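Below you'll find the structure, written out as structure tokens, and then a few comments.
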Amino acid sequence: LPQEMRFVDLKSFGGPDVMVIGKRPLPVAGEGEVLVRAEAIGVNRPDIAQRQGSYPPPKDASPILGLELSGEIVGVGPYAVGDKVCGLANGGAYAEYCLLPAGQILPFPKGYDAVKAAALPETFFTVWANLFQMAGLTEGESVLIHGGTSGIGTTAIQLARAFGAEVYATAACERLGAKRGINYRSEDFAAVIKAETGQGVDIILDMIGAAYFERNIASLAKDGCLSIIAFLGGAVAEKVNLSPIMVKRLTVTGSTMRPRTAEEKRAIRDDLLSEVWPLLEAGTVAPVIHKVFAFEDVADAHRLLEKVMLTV
Amino acid sequence: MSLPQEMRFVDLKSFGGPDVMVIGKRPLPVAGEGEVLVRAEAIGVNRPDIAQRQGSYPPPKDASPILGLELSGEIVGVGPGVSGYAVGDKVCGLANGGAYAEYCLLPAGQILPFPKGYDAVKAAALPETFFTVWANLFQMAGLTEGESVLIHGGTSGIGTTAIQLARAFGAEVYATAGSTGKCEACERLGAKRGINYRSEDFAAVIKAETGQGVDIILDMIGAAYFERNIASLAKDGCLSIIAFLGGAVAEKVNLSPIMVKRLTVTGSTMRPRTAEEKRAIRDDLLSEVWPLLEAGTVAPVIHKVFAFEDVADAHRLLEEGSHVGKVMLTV
């Protein structure tokens, strides 16, 4: 193992340019952690937010940009060295080596690239936890996904399709499994949903938030769930009628990934390996990569994101 | 020896204040399949009766358009094929409209017997508030022992009912109300603490008392309390919206804490529920709640009883807001 490793560091808060390839020691690896030498690293929306200083990283985790990687175990703590694995990192993934808690590690699925496997954790944990665990998606139910050409979007669509749901999306999408790709700009998605479904859709996975709040609420069937996952359309909704929530017993909820517990993340790792790994291995479901950048070019990658990946 | 030709019932000159309600005459209803017919001894007065009377809120299509949601009295007609009830039984129930009348239909899965010891008034005081509190606080929100709950309208029929069942089921309980007497009545009913909303900020009080927030809010206010409600919830907490006395349209919804704390915002409404849904509410109350009524651990809070012909005054009283508990009609 080297002395120092290259990591992505910031000159301040910016600004793609605020980022620069710095240098410092290698993480240790304590109780139920593993050390991984990175071959590939995911780039995700929360990373921009941090490079901006806009969002804090949680205080019990690495302050280095992070979340997702794949590569080779190169150390264990109190799985085996040379094992190839990908996982959800509590931050610090934007480095040549990065820890992982044993509850958050997964094997490369058979036949995957480094890049493909590192494209999995952030997006699959998120969809799995919100759309399957919390929302209890099952066969025959109907789902509407905003942000369909997103990393999360494309993952939600494929997995919703694969489990026998009827699928609609806002944003390619039909190719992935949507019954119907819905152009937001020109069609009214509430109107479309009313036309296509009986009395609305059972589940909405929402990355948009405020701007679509009133339309999401109107699109849901009796006993439907709105699961809010991000706030690309703002967090604050103006002059909004609560009443359909009561009238139709809607449930409105949401969750974020980073603050989720050690046990909660491990539970999600388990379902993924049990329920989804088989589909990835059969080629039923695959991640979708827009482009791959060299690790040095991290600035370019961010710039593009306004699934994009980094080669070490 | 048969049944009267015609019936007294409450009717509307038109939509407006208490004073547009007059006592007219119409034919008695006849119990068809899976219905029983009751001769009314006592009728419950409820808020949706005011709004239906003012025209704010129409009754569902498939209900009687006559006012009134609950009642007690005697069975007088058993409709075709109805198992387990007999002309002559003393019973209370939730009515799909109609209860402001000498005779009223009750669907079968919505009948309950008098709890032991109960006169007719106390029996008629149960259905609306009890079905409502059971469905939203227990069935949907799943209140169990150790959890904290905040209840708005501590002093209304549903507030009074809510406080009791919650205390009896081992919750830590908080409640809001509009005066000190009212806050003190809440504590008598089992609120650890009555927040007086006029001169206290119930969100600050909940912060001070719980540190993290409550697990359940049962909310009759809606819009005006939405932001503070959402702020007073703990992680994994559940806001349950049961009426919109503070309006249905909130100016800002900061959606952010819903996502960050994993909150659930939900709601429901009694009248439009199916016959099976109401049935399940009914059985649950008969299993879980009757015994407690039996034992005197929990009882309706009856504020005043009016003679049937004085509905308009019972409505008056309610509009004033001077009450703790239900306002009731005797026939």
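Identifiers in this document derive from the order of the structure tokens: chains are assigned A, B, ..., residues are numbered from 1 separately in each chain, and ligands are numbered from 1 in order of occurrence.
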Can you tell me which residues surround residue 162 (chain B) at a distance of at most 12 Å, considering only C-alpha atoms, apart from same-chain residues fewer than 6 positions away, and format the answer as a CSV table (one decimal) with N, CA and C atoms, in the first residue's frame?
chain,number,residue,atom,x,y,z
B,126,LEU,N,-71.7,8.1,21.0
B,126,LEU,CA,-70.5,7.3,20.7
B,126,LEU,C,-70.2,7.3,19.3
B,128,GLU,N,-70.1,8.7,16.0
B,128,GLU,CA,-69.4,9.6,15.1
B,128,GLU,C,-67.9,9.8,15.6
B,129,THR,N,-67.8,10.2,16.9
B,129,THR,CA,-66.5,10.5,17.4
B,129,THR,C,-65.6,9.3,17.6
B,130,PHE,N,-66.3,8.2,18.0
B,130,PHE,CA,-65.6,6.9,18.2
B,130,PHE,C,-65.2,6.3,17.0
B,131,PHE,N,-66.0,6.3,15.9
B,131,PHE,CA,-65.6,5.6,14.7
B,131,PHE,C,-64.4,6.5,14.2
B,132,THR,N,-64.6,7.8,14.3
B,132,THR,CA,-63.6,8.7,13.6
B,132,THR,C,-62.2,8.6,14.3
B,133,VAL,N,-62.2,8.5,15.6
B,133,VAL,CA,-60.9,8.4,16.4
B,133,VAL,C,-60.3,7.0,16.2
B,134,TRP,N,-61.2,6.0,16.1
B,134,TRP,CA,-60.6,4.7,16.0
B,134,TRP,C,-59.9,4.5,14.7
B,135,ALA,N,-60.6,4.9,13.6
B,135,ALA,CA,-60.1,4.7,12.3
B,135,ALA,C,-58.8,5.4,12.0
B,136,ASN,N,-58.7,6.6,12.5
B,136,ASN,CA,-57.5,7.4,12.1
B,136,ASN,C,-56.4,7.3,13.1
B,137,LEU,N,-56.7,7.1,14.3
B,137,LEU,CA,-55.6,7.1,15.3
B,137,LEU,C,-55.0,5.7,15.6
B,138,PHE,N,-55.9,4.7,15.4
B,138,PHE,CA,-55.6,3.3,15.8
B,138,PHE,C,-55.4,2.5,14.5
B,143,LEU,N,-51.6,3.8,16.9
B,143,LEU,CA,-51.1,4.2,18.1
B,143,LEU,C,-51.0,3.0,19.1
B,149,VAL,N,-48.6,11.6,21.4
B,149,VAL,CA,-49.6,12.1,20.4
B,149,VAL,C,-50.1,13.5,20.8
B,150,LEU,N,-50.2,14.4,19.8
B,150,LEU,CA,-50.8,15.7,19.9
B,150,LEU,C,-52.2,15.7,19.3
B,151,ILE,N,-53.2,16.2,20.0
B,151,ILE,CA,-54.5,16.2,19.5
B,151,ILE,C,-55.0,17.6,19.6
B,152,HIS,N,-55.4,18.2,18.4
B,152,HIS,CA,-56.0,19.5,18.3
B,152,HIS,C,-57.5,19.4,18.6
B,153,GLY,N,-58.1,20.5,19.0
B,153,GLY,CA,-59.6,20.5,19.4
B,153,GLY,C,-59.8,19.6,20.5
B,154,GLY,N,-59.0,19.7,21.6
B,154,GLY,CA,-59.0,18.9,22.8
B,154,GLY,C,-60.4,18.8,23.4
B,155,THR,N,-61.2,19.8,23.2
B,155,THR,CA,-62.4,20.1,23.9
B,155,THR,C,-63.7,19.7,23.0
B,156,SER,N,-63.5,19.4,21.7
B,156,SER,CA,-64.5,19.0,20.8
B,156,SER,C,-64.9,17.6,21.1
B,168,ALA,N,-56.0,5.8,27.9
B,168,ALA,CA,-56.3,4.4,28.2
B,168,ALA,C,-55.4,3.4,27.5
B,169,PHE,N,-54.9,3.8,26.3
B,169,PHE,CA,-54.0,2.8,25.6
B,169,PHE,C,-52.6,3.0,25.8
B,171,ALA,N,-50.6,6.0,25.9
B,171,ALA,CA,-49.9,7.0,25.2
B,171,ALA,C,-49.6,8.1,26.1
B,173,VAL,N,-49.9,12.0,26.1
B,173,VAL,CA,-50.9,12.8,25.4
B,173,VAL,C,-50.8,14.3,25.6
B,174,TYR,N,-51.0,15.0,24.5
B,174,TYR,CA,-51.0,16.5,24.6
B,174,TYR,C,-52.2,16.9,23.7
B,175,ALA,N,-52.6,18.1,24.0
B,175,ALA,CA,-53.9,18.5,23.4
B,175,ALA,C,-53.9,20.0,23.4
B,176,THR,N,-54.5,20.6,22.4
B,176,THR,CA,-54.7,22.0,22.4
B,176,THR,C,-56.2,22.4,22.6
B,186,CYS,N,-59.0,19.1,29.4
B,186,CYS,CA,-58.2,18.1,28.7
B,186,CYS,C,-57.4,17.2,29.7
B,189,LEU,N,-59.2,14.6,31.4
B,189,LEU,CA,-59.5,13.4,30.5
B,189,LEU,C,-58.3,12.6,30.2
B,190,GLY,N,-57.1,13.1,30.6
B,190,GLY,CA,-55.8,12.3,30.4
B,190,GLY,C,-54.7,12.9,29.6
B,191,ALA,N,-54.8,14.2,29.2
B,191,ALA,CA,-53.7,14.9,28.6
B,191,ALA,C,-52.8,15.2,29.7
B,216,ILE,N,-47.5,11.0,16.8
B,216,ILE,CA,-48.7,11.3,16.1
B,216,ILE,C,-49.4,12.6,16.4
B,217,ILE,N,-49.8,13.3,15.4
B,217,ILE,CA,-50.6,14.4,15.5
B,217,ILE,C,-52.0,14.1,14.9
B,218,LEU,N,-53.0,14.3,15.6
B,218,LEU,CA,-54.4,14.1,15.1
B,218,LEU,C,-54.9,15.5,14.9
B,219,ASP,N,-55.2,15.8,13.7
B,219,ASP,CA,-55.3,17.2,13.3
B,219,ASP,C,-56.6,17.6,12.7
B,220,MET,N,-57.4,18.4,13.4
B,220,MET,CA,-58.7,18.9,12.8
B,220,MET,C,-58.5,20.3,12.3
B,242,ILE,N,-58.0,15.2,9.7
B,242,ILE,CA,-59.3,14.7,10.0
B,242,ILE,C,-60.3,15.8,9.7
B,298,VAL,N,-63.4,5.1,30.4
B,298,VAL,CA,-63.5,6.0,29.3
B,298,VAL,C,-65.0,6.1,29.1
B,299,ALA,N,-65.5,7.4,29.0
B,299,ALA,CA,-66.9,7.7,28.8
B,299,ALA,C,-67.1,9.0,27.8
B,300,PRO,N,-68.2,9.0,27.0
B,300,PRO,CA,-68.4,10.3,26.3
B,300,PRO,C,-68.5,11.4,27.3
B,301,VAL,N,-68.2,12.6,26.8
B,301,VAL,CA,-68.4,13.8,27.6
B,301,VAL,C,-69.6,14.6,27.0
B,325,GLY,N,-67.2,18.6,24.9
B,325,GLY,CA,-67.9,17.4,24.5
B,325,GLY,C,-69.1,17.6,23.6
Please report as a ChimeraX atom specification which residues of chain B come no farther than 7 Å from chain A, using only C-alpha atoms.
/B:241-242,248-256,258-269
Polymer residues at most 10 Å from residue 191 (chain A), only C-alpha atoms, same-chain spacing of 3 or more positions, as a VMD selection string
chain A and resid 187 to 188 194 to 196 200 215 218 to 219
Find the residues around residue 73 (chain B) up to 9 Å (only C-alpha atoms counted), leave out those fewer than 3 positions away in its own chain, and share them as a JSON list (two decimals) with N, CA and C atoms, in the first residue's frame.
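Result saved to part01.json:
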[["chain", "number", "residue", "atom", "x", "y", "z"],
["B", 38, "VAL", "N", -84.66, 2.26, 13.11],
["B", 38, "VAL", "CA", -84.63, 2.61, 14.52],
["B", 38, "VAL", "C", -85.59, 3.75, 14.86],
["B", 39, "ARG", "N", -86.26, 3.61, 15.99],
["B", 39, "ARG", "CA", -87.04, 4.67, 16.56],
["B", 39, "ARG", "C", -86.11, 5.41, 17.51],
["B", 40, "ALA", "N", -85.90, 6.67, 17.19],
["B", 40, "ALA", "CA", -84.90, 7.49, 17.83],
["B", 40, "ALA", "C", -85.25, 7.92, 19.25],
["B", 41, "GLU", "N", -84.38, 7.63, 20.20],
["B", 41, "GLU", "CA", -84.55, 8.22, 21.54],
["B", 41, "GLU", "C", -83.61, 9.41, 21.72],
["B", 42, "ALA", "N", -82.42, 9.31, 21.12],
["B", 42, "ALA", "CA", -81.39, 10.36, 21.21],
["B", 42, "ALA", "C", -80.62, 10.46, 19.91],
["B", 43, "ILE", "N", -80.35, 11.69, 19.49],
["B", 43, "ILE", "CA", -79.56, 12.01, 18.29],
["B", 43, "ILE", "C", -78.28, 12.78, 18.66],
["B", 89, "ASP", "N", -84.57, -4.38, 20.25],
["B", 89, "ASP", "CA", -83.18, -4.19, 20.79],
["B", 89, "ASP", "C", -82.76, -2.72, 20.96],
["B", 90, "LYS", "N", -82.07, -2.44, 22.05],
["B", 90, "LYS", "CA", -81.59, -1.08, 22.34],
["B", 90, "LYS", "C", -80.23, -0.96, 21.68],
["B", 91, "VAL", "N", -80.10, -0.04, 20.73],
["B", 91, "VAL", "CA", -78.85, 0.03, 19.92],
["B", 91, "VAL", "C", -78.48, 1.46, 19.54],
["B", 92, "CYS", "N", -77.18, 1.70, 19.31],
["B", 92, "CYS", "CA", -76.66, 2.98, 18.79],
["B", 92, "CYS", "C", -75.92, 2.71, 17.48],
["B", 120, "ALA", "N", -79.82, 6.31, 26.80],
["B", 120, "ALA", "CA", -79.90, 6.38, 25.37],
["B", 120, "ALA", "C", -78.98, 7.49, 24.89],
["B", 123, "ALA", "N", -75.43, 6.58, 24.84],
["B", 123, "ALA", "CA", -75.20, 5.67, 23.74],
["B", 123, "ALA", "C", -75.10, 6.41, 22.40],
["B", 124, "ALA", "N", -75.94, 7.42, 22.21],
["B", 124, "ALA", "CA", -75.97, 8.10, 20.92],
["B", 124, "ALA", "C", -74.72, 9.01, 20.75]]
Just the residues within 12 Å of residue 56 (chain A), please, counting only C-alpha atoms, with nothing from its chain fewer than 3 positions along; format it as a list in words.
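Counting only C-alpha atoms, the residues come to residues 13, 46, 47, 48, 49, 50, 51, 52, 53, 59, 60, 61, 62, 63, 64, 65, 91, 258 and 259 of chain A.
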Please save N, CA and C atoms of the selected residues as a compact mmCIF listing (two decimals), in the first residue's frame.
# COMPACT_ATOMS: atom_id res chain seq x y z
N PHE A 13 -15.36 26.63 -1.84
CA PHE A 13 -16.68 26.17 -2.26
C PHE A 13 -16.96 26.96 -3.53
N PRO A 46 -26.06 14.89 -5.19
CA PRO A 46 -25.57 15.47 -3.91
C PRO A 46 -24.10 15.92 -3.89
N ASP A 47 -23.30 15.44 -4.83
CA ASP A 47 -21.89 15.79 -4.83
C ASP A 47 -21.72 17.28 -5.24
N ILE A 48 -22.52 17.70 -6.23
CA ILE A 48 -22.53 19.09 -6.67
C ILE A 48 -22.86 19.96 -5.49
N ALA A 49 -23.94 19.59 -4.80
CA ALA A 49 -24.45 20.36 -3.66
C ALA A 49 -23.37 20.61 -2.62
N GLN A 50 -22.56 19.59 -2.38
CA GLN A 50 -21.46 19.68 -1.42
C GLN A 50 -20.31 20.56 -1.93
N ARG A 51 -19.90 20.35 -3.19
CA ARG A 51 -18.86 21.16 -3.83
C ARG A 51 -19.22 22.65 -3.77
N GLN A 52 -20.53 22.89 -3.64
CA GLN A 52 -21.10 24.20 -3.48
C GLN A 52 -21.19 24.64 -2.03
N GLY A 53 -21.16 23.70 -1.09
CA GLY A 53 -21.26 24.03 0.35
C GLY A 53 -22.70 24.18 0.79
N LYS A 59 -22.12 14.29 10.07
CA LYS A 59 -20.94 14.56 10.87
C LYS A 59 -20.17 13.28 11.25
N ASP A 60 -20.83 12.12 11.18
CA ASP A 60 -20.18 10.83 11.52
C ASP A 60 -19.47 10.15 10.33
N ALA A 61 -19.37 10.87 9.21
CA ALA A 61 -18.90 10.31 7.95
C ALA A 61 -17.76 11.12 7.30
N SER A 62 -17.09 10.53 6.31
CA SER A 62 -16.05 11.26 5.59
C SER A 62 -16.57 12.55 4.99
N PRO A 63 -15.77 13.62 5.10
CA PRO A 63 -16.12 14.91 4.53
C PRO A 63 -15.68 14.99 3.07
N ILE A 64 -15.13 13.90 2.55
CA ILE A 64 -14.68 13.91 1.17
C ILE A 64 -15.88 13.57 0.30
N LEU A 65 -16.01 14.20 -0.87
CA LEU A 65 -17.09 13.79 -1.79
C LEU A 65 -17.04 12.26 -1.99
N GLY A 91 -19.65 8.61 2.16
CA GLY A 91 -18.70 9.64 1.73
C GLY A 91 -17.29 9.12 1.59
N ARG A 258 -28.18 9.31 3.04
CA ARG A 258 -26.97 9.42 3.90
C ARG A 258 -27.24 9.18 5.40
N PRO A 259 -28.27 9.84 5.97
CA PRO A 259 -28.51 9.73 7.42
C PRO A 259 -29.12 8.39 7.82
Going by DSSP on the backbone, which residues of region 20-260 of chain A come out as alpha helix (DSSP H)? List them as number ranges by chain.
A: 45-51, 114-118, 121-127, 151-162, 173-176, 189-196, 213-219, 243-247
Mind giving me the straight-line distance from CA of residue 20 (chain A) to CA of residue 6 (chain A) in Å, one decimal?
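One can read the CA of residue 20 (chain A) to CA of residue 6 (chain A) distance as 9.9 Å.
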With a distance cut-off of 12 Å and only C-alpha atoms, select the neighbouring residues of residue 125 (chain B), excluding the residue or stretch itself and same-chain residues fewer than 6 positions from it, and output the selection as a PDB file with N, CA and C atoms, in the first residue's frame.
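Done, and the output landed in out02.pdb:
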ATOM      1  N   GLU B  41     -84.382   7.632  20.199  1.00  0.00           N
ATOM      2  CA  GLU B  41     -84.548   8.219  21.537  1.00  0.00           C
ATOM      3  C   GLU B  41     -83.614   9.410  21.724  1.00  0.00           C
ATOM      4  N   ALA B  42     -82.424   9.307  21.116  1.00  0.00           N
ATOM      5  CA  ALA B  42     -81.392  10.360  21.212  1.00  0.00           C
ATOM      6  C   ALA B  42     -80.619  10.455  19.905  1.00  0.00           C
ATOM      7  N   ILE B  43     -80.345  11.695  19.489  1.00  0.00           N
ATOM      8  CA  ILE B  43     -79.559  12.012  18.286  1.00  0.00           C
ATOM      9  C   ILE B  43     -78.281  12.785  18.655  1.00  0.00           C
ATOM     10  N   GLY B  44     -77.196  12.517  17.920  1.00  0.00           N
ATOM     11  CA  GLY B  44     -75.948  13.233  18.109  1.00  0.00           C
ATOM     12  C   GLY B  44     -75.910  14.434  17.174  1.00  0.00           C
ATOM     13  N   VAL B  45     -75.439  15.574  17.699  1.00  0.00           N
ATOM     14  CA  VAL B  45     -75.135  16.738  16.866  1.00  0.00           C
ATOM     15  C   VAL B  45     -73.621  16.841  16.513  1.00  0.00           C
ATOM     16  N   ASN B  46     -73.307  16.979  15.226  1.00  0.00           N
ATOM     17  CA  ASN B  46     -71.902  17.104  14.856  1.00  0.00           C
ATOM     18  C   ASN B  46     -71.601  18.217  13.903  1.00  0.00           C
ATOM     19  N   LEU B  69     -75.814  12.118  11.767  1.00  0.00           N
ATOM     20  CA  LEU B  69     -74.828  11.028  11.554  1.00  0.00           C
ATOM     21  C   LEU B  69     -74.818   9.885  12.572  1.00  0.00           C
ATOM     22  N   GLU B  70     -75.455  10.093  13.694  1.00  0.00           N
ATOM     23  CA  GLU B  70     -75.428   9.106  14.688  1.00  0.00           C
ATOM     24  C   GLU B  70     -76.705   9.218  15.526  1.00  0.00           C
ATOM     25  N   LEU B  71     -76.955   8.170  16.308  1.00  0.00           N
ATOM     26  CA  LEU B  71     -78.215   8.048  17.008  1.00  0.00           C
ATOM     27  C   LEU B  71     -78.259   6.778  17.833  1.00  0.00           C
ATOM     28  N   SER B  72     -79.187   6.751  18.774  1.00  0.00           N
ATOM     29  CA  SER B  72     -79.533   5.539  19.512  1.00  0.00           C
ATOM     30  C   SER B  72     -81.045   5.455  19.623  1.00  0.00           C
ATOM     31  N   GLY B  73     -81.515   4.258  19.960  1.00  0.00           N
ATOM     32  CA  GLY B  73     -82.948   4.003  20.106  1.00  0.00           C
ATOM     33  C   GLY B  73     -83.325   2.546  19.908  1.00  0.00           C
ATOM     34  N   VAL B  91     -80.099  -0.044  20.726  1.00  0.00           N
ATOM     35  CA  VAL B  91     -78.853   0.030  19.921  1.00  0.00           C
ATOM     36  C   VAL B  91     -78.477   1.462  19.543  1.00  0.00           C
ATOM     37  N   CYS B  92     -77.183   1.699  19.312  1.00  0.00           N
ATOM     38  CA  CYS B  92     -76.656   2.984  18.789  1.00  0.00           C
ATOM     39  C   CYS B  92     -75.919   2.708  17.484  1.00  0.00           C
ATOM     40  N   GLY B  93     -75.822   3.722  16.615  1.00  0.00           N
ATOM     41  CA  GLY B  93     -75.081   3.537  15.358  1.00  0.00           C
ATOM     42  C   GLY B  93     -74.738   4.756  14.526  1.00  0.00           C
ATOM     43  N   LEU B  94     -73.869   4.527  13.535  1.00  0.00           N
ATOM     44  CA  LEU B  94     -73.470   5.554  12.610  1.00  0.00           C
ATOM     45  C   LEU B  94     -74.366   5.466  11.404  1.00  0.00           C
ATOM     46  N   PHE B 114     -76.053  -0.778  23.329  1.00  0.00           N
ATOM     47  CA  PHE B 114     -75.692   0.065  24.463  1.00  0.00           C
ATOM     48  C   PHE B 114     -74.589  -0.647  25.228  1.00  0.00           C
ATOM     49  N   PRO B 115     -73.551   0.095  25.647  1.00  0.00           N
ATOM     50  CA  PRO B 115     -72.655  -0.476  26.644  1.00  0.00           C
ATOM     51  C   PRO B 115     -73.517  -0.687  27.881  1.00  0.00           C
ATOM     52  N   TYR B 118     -75.573   2.260  30.302  1.00  0.00           N
ATOM     53  CA  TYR B 118     -75.755   3.484  29.488  1.00  0.00           C
ATOM     54  C   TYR B 118     -77.220   3.800  29.153  1.00  0.00           C
ATOM     55  N   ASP B 119     -77.670   5.007  29.436  1.00  0.00           N
ATOM     56  CA  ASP B 119     -78.937   5.434  28.877  1.00  0.00           C
ATOM     57  C   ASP B 119     -78.789   5.751  27.379  1.00  0.00           C
ATOM     58  N   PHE B 131     -66.014   6.252  15.924  1.00  0.00           N
ATOM     59  CA  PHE B 131     -65.585   5.646  14.670  1.00  0.00           C
ATOM     60  C   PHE B 131     -64.415   6.482  14.201  1.00  0.00           C
ATOM     61  N   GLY B 157     -65.885  17.029  20.458  1.00  0.00           N
ATOM     62  CA  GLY B 157     -66.315  15.673  20.713  1.00  0.00           C
ATOM     63  C   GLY B 157     -65.227  14.682  20.350  1.00  0.00           C
ATOM     64  N   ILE B 158     -64.536  14.925  19.247  1.00  0.00           N
ATOM     65  CA  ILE B 158     -63.497  14.044  18.776  1.00  0.00           C
ATOM     66  C   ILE B 158     -62.249  14.259  19.690  1.00  0.00           C
ATOM     67  N   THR B 160     -62.065  15.168  22.983  1.00  0.00           N
ATOM     68  CA  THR B 160     -62.484  14.502  24.178  1.00  0.00           C
ATOM     69  C   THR B 160     -62.387  12.988  24.032  1.00  0.00           C
ATOM     70  N   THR B 161     -62.876  12.455  22.909  1.00  0.00           N
ATOM     71  CA  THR B 161     -62.845  11.055  22.664  1.00  0.00           C
ATOM     72  C   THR B 161     -61.414  10.619  22.471  1.00  0.00           C
ATOM     73  N   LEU B 293     -65.647   1.145  27.964  1.00  0.00           N
ATOM     74  CA  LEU B 293     -66.872   1.891  28.257  1.00  0.00           C
ATOM     75  C   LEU B 293     -67.588   1.188  29.400  1.00  0.00           C
ATOM     76  N   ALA B 299     -65.487   7.390  28.997  1.00  0.00           N
ATOM     77  CA  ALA B 299     -66.900   7.728  28.760  1.00  0.00           C
ATOM     78  C   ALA B 299     -67.079   8.965  27.848  1.00  0.00           C
ATOM     79  N   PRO B 300     -68.156   9.005  27.038  1.00  0.00           N
ATOM     80  CA  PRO B 300     -68.401  10.266  26.325  1.00  0.00           C
ATOM     81  C   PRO B 300     -68.536  11.426  27.293  1.00  0.00           C
ATOM     82  N   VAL B 301     -68.218  12.617  26.805  1.00  0.00           N
ATOM     83  CA  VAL B 301     -68.405  13.805  27.602  1.00  0.00           C
ATOM     84  C   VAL B 301     -69.601  14.574  27.048  1.00  0.00           C
ATOM     85  N   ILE B 302     -70.692  14.578  27.800  1.00  0.00           N
ATOM     86  CA  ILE B 302     -71.928  15.169  27.297  1.00  0.00           C
ATOM     87  C   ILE B 302     -72.077  16.597  27.845  1.00  0.00           C
ATOM     88  N   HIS B 303     -72.059  17.578  26.953  1.00  0.00           N
ATOM     89  CA  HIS B 303     -72.156  18.948  27.409  1.00  0.00           C
ATOM     90  C   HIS B 303     -73.566  19.408  27.730  1.00  0.00           C
ATOM     91  N   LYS B 304     -74.513  19.127  26.839  1.00  0.00           N
ATOM     92  CA  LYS B 304     -75.893  19.531  27.053  1.00  0.00           C
ATOM     93  C   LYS B 304     -76.826  18.683  26.214  1.00  0.00           C
ATOM     94  N   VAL B 305     -78.062  18.560  26.673  1.00  0.00           N
ATOM     95  CA  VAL B 305     -79.037  17.761  25.946  1.00  0.00           C
ATOM     96  C   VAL B 305     -80.213  18.647  25.554  1.00  0.00           C
ATOM     97  N   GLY B 325     -67.182  18.589  24.921  1.00  0.00           N
ATOM     98  CA  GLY B 325     -67.900  17.376  24.518  1.00  0.00           C
ATOM     99  C   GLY B 325     -69.091  17.573  23.574  1.00  0.00           C
ATOM    100  N   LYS B 326     -70.066  16.659  23.653  1.00  0.00           N
ATOM    101  CA  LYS B 326     -71.148  16.632  22.679  1.00  0.00           C
ATOM    102  C   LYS B 326     -72.340  17.423  23.118  1.00  0.00           C
ATOM    103  N   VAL B 327     -73.088  17.832  22.113  1.00  0.00           N
ATOM    104  CA  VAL B 327     -74.382  18.424  22.248  1.00  0.00           C
ATOM    105  C   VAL B 327     -75.352  17.416  21.661  1.00  0.00           C
ATOM    106  N   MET B 328     -76.425  17.133  22.402  1.00  0.00           N
ATOM    107  CA  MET B 328     -77.279  15.973  22.108  1.00  0.00           C
ATOM    108  C   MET B 328     -78.744  16.313  22.009  1.00  0.00           C
ATOM    109  N   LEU B 329     -79.479  15.511  21.249  1.00  0.00           N
ATOM    110  CA  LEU B 329     -80.904  15.702  21.111  1.00  0.00           C
ATOM    111  C   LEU B 329     -81.593  14.484  21.735  1.00  0.00           C
ATOM    112  N   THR B 330     -82.600  14.736  22.596  1.00  0.00           N
ATOM    113  CA  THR B 330     -83.572  13.697  23.047  1.00  0.00           C
ATOM    114  C   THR B 330     -84.855  13.789  22.246  1.00  0.00           C
TER     115      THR B 330
END
Residues flagged strand (DSSP E or B) by DSSP in region 61-272 of chain A, as an MDAnalysis selection string:
chainID A and resid 68:76 84:88 95 97:101 105:107 142:145 166:170 180:182 201:206 220:228 236:241 251:254
Mind giving me the straight-line distance from CA of residue 107 (chain B) to CA of residue 6 (chain B) in Å, one decimal?
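Between these atoms lies a distance of 21.6 Å.
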